[PDB]
Protein chains: 2
Amino acid sequence: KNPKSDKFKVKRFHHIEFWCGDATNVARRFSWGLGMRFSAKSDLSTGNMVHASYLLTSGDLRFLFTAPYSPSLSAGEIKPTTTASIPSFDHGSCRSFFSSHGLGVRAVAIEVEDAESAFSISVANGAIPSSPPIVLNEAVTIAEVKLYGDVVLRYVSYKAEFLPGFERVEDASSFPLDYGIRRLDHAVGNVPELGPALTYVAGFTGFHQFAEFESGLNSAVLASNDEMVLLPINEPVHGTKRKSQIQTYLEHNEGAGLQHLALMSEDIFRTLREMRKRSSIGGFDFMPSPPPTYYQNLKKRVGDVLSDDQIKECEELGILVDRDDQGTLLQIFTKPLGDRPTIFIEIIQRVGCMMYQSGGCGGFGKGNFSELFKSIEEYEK
Amino acid sequence: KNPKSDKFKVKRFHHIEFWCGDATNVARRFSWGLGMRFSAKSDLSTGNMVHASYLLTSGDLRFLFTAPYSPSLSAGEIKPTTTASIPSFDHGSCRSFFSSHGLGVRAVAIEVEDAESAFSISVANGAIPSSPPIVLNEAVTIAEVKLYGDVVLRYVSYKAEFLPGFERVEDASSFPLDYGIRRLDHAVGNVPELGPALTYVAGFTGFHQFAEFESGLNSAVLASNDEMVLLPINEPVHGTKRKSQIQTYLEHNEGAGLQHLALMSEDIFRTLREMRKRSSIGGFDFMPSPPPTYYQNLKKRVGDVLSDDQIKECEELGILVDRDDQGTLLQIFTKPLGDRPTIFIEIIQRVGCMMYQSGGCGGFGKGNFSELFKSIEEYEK
Ligand SMILES: CCCCCn1ccc2c(C(=O)Nc3nnnn3C)ccnc21
Ligand SMILES: CCCCCn1ccc2c(C(=O)Nc3nnnn3C)ccnc21
Ligand SMILES: [Co+2]
Ligand SMILES: [Co+2]
């Protein structure tokens, strides 16, 4: 059941912004590791004396990497005279975020019809304001409310290229990397208490709970009207045999924050081949592969969706498979993206639910907790 | 003239340590961009609850990348009970360094006969102490004194593998990259006033001035007894037509600090081919190439050292050439390594001065200031 209760018109995920200590080095690492092209910049070379921001794109996926310069470069400025291209940016907030959480997501940005009204309606419905609506060059409006921890939900709306003040990088520095990633499927938060987080966020968005179907967590998924904006949230479950991975996150992250980004690939096998080629030469590492018994058991579960060859291709690459009542989900998780065991990335591809493909086709892999523990001791054999 | 006045026995450059906000991402970027292998780690997986430190090596060159974890992970510890593998590390110092300077070099480490005596003699001769000698697992002694800005000169000495507490990374994660870089040739500091910096450092080391031979700088080189440890220092010259690059550094770095690291390659042409292949896919960019007239003029200057083919190979790669009375220097500079126009890297190869090759053979490229401005307007033509 989908009551379509969005309190304002939401379009799609627009971008994800990482707050960094050095944006250059994170952005170059991510570009190579994920096959994302450098497509826009806002920094000293564009007149920005406040922050360095670099945009990577792959298909519709937009990753933004931002770090502060010395406050001394902009000490003469005031907000009316700012050279920052993202007016919500604040040196103190950014340094405090990074020193508290390390590398991580500051903003989950979604495109809306009207960022001003989305902000007003949100705050009228319980949202904690973070940065009021600001119109940039009479062309783009940006506003932010608190989502969880120090993560903001950023609204962006266009009258009618990323943001004003951002320049198109030179072609020479813009190598057309592409490993098949195409869009952000969902963005997941970890919190100490799921109930209040859900009540808060569903309260000010009107997002509805997306229907699904002891591993140390409970979770739920909030979704927009067409269920293309998907915001799952986890809480830990205490007292389990193995310590909850959610609690470990909260400890190392110093509280709530974004846990993982799920990136849809138009060809997950090519994406994983390309990413795994680069794991040891600057890219990303992947979780340990499931035992061969997990893949033996794939025949009974998805033998009507994937061929034996395509199943063997899953086994080569360590891909996991789960199935809804409506679709099939292929997924795999990276190891943490940085020093701390906090944020990581999921690569996914969904099969089924054609009408375009509807959102969340195949679910989020809930069945892979059980099946993996069913593969752990079956493989002990 | 070399008075050989070292006040303690110095061996070679041992390592360079970068203080980072996220060590993982900088280290992976540097590994790919420079062709350096992951060779040791000290982090959560090795019992270090304080800092994450990753060591890259290429030949004898050792780059260490270190970032702090949340202080909460080690809040119960005291220095006697610390899990840090580098006991001079301090969360507050590291966060303050990175927030003040951005990504940069915290420690220039040299190997000495006896780090305890080097520290004592240094402090007895004016050195400002930074971290007293500490013996690690009865095997390695480490001590630090202030060099300039927030950069320390680190002494390390071995009774008899990087440091105790560091583990040899797994082979799977240790891809044997190598683009031909083999050792650190020299490490250069920028300061507001050259005279006092020289007096201070030469004062406590006994290092002597290395004999050389309006561009906005004056400089001088301090050298150890066999002139294998080379520490040049720049100061700005004010009032010039083009604003001094040293002054721009001081402004963006918030004061003195390490300006560049010169890395000797055993085959600079292969190093530059390999680094330039990767500039736009995660590696390092290089300064704009000199005009073809600069390379036309190379025949008269070094036509007896380099063939026409080897000169054309310099032209393809943007390499600069200078000559001493004793040797020839091939060199090239990267663009800044991170967000700020502060630290960069020089790749060099020296030809001549065989006895082994003596230190500083060919100088440091002083003649390339004049020759480049002689190439700028000659090429205007
Ligand atoms: C040991 C490897 C497989 C672990 C089992 N496993 C299955 C899914 C899954 C997610 C995830 O993706 N969760 C999510 N995504 N959207 N909503 N939710 C709740 C995060 C961490 N481990 C997961
Ligand atoms: C526009 C491209 C060529 C610039 C001319 N150019 C020649 C050398 C050089 C150094 C350097 O390497 N300096 C040094 N190294 N050791 N000691 N010193 C003083 C640093 C910056 N620009 C330099
Ligand atoms: Co997920
Ligand atoms: Co140099």
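The figures that follow rest on heavy atoms only: side chains count, while hydrogens, waters and symmetry mates do not. Both ligands and their constituent atoms are indexed starting at 1 by order of listing. So you know, we letter chains A, B, ... as the sequences are listed, proteins then strands, and number each from 1.
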Return the set of residues passing side-chain hydrogen bond (donor to acceptor under 3.5 Å, both in side chains) with B:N234 (not counting sequence neighbours), or none when no residue passes. B:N190, B:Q259

Charged N to carboxylate O below 4.0 Å: is that the case for B:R12 and B:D226? yes

Please confirm whether A:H260 comes under 4.0 Å of ligand 1, counting heavy atoms of the residue only. yes

Where does B:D322 meet ligand 2, judged by heavy-atom distances below 4.0 Å: at the side chain, the backbone, both, or neither? neither

Please determine if B:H186 has a nitrogen or oxygen closer than 3.5 Å to a nitrogen or oxygen of ligand 2. yes

Between A:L258 and A:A187, the two heavy atoms sitting closest are CD1-CB, 4.2 Å

Only heavy atoms of B:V188, strictly under 4.0 Å: list the atoms of ligand 2 that pass. 15 (N), 16 (N)

Parallel, tilted or perpendicular: which fits the ring planes of A:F344 and A:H260, with parallel below 30° and perpendicular above 60°? parallel

Could you name the option among A:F286, A:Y294, A:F369 that has the heavy atom nearest to atom 23 (C) of ligand 1? A:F369

The atoms of ligand 2 lying under 4.0 Å from a heavy atom of B:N234, numbered in the order shown, are 19 (C)

Those residues at least two apart in sequence (or on a different chain) that pass side-chain hydrogen bond (donor to acceptor under 3.5 Å, both in side chains) with A:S289 are none

Apply the side-chain hydrogen bond (donor to acceptor under 3.5 Å, both in side chains) test between B:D185 and each candidate in B:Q349, B:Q331, B:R350; give the one that qualifies. B:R350

Taking atom 1 (C) of ligand 1 as the point of reference, which of A:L217, A:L372, A:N368, A:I376 owns the nearest heavy atom? A:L372

Quick check: does B:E346 get an N/O under 3.5 Å from an N/O on ligand 2? yes

Heavy-atom distance under 4.5 Å between the side chains of A:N2 and A:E227, does that happen here? yes

Straight-line distance of B:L61 CG to B:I16 CD1, nearest 0.5 Å: 8.0 Å

Report yes if some heavy atom in the side chain of B:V108 is under 4.5 Å from a heavy atom in the side chain of B:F13; otherwise report no. yes

Spacing of B:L250 atom CG and B:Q245 atom CD [to the nearest 0.5 Å]: 10.5 Å

Do any heavy atoms of B:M287 fall under 4.0 Å from ligand 2? no

On a heavy-atom basis, I'd like to know which of A:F364, A:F210, A:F333 is closest to atom 10 (C) of ligand 1. A:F333

Of all the atoms in ligand 2, which lie at a distance below 4.0 Å from a heavy atom belonging to B:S219? 19 (C)

Under 2.8 Å from the Co ion (ligand 4), how many protein N, O or S atoms can be found? 3

If you measure from each non-hydrogen atom of A:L320 to ligand 1, which part falls under 4.0 Å: side chain, backbone, both or neither? side chain

Just jot down the side-chain hydrogen bond (donor to acceptor under 3.5 Å, both in side chains) partners of B:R340, sequence neighbours excluded, or say none. none

Check: A:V10 and A:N225 side chains under 4.5 Å, non-hydrogen atoms: no

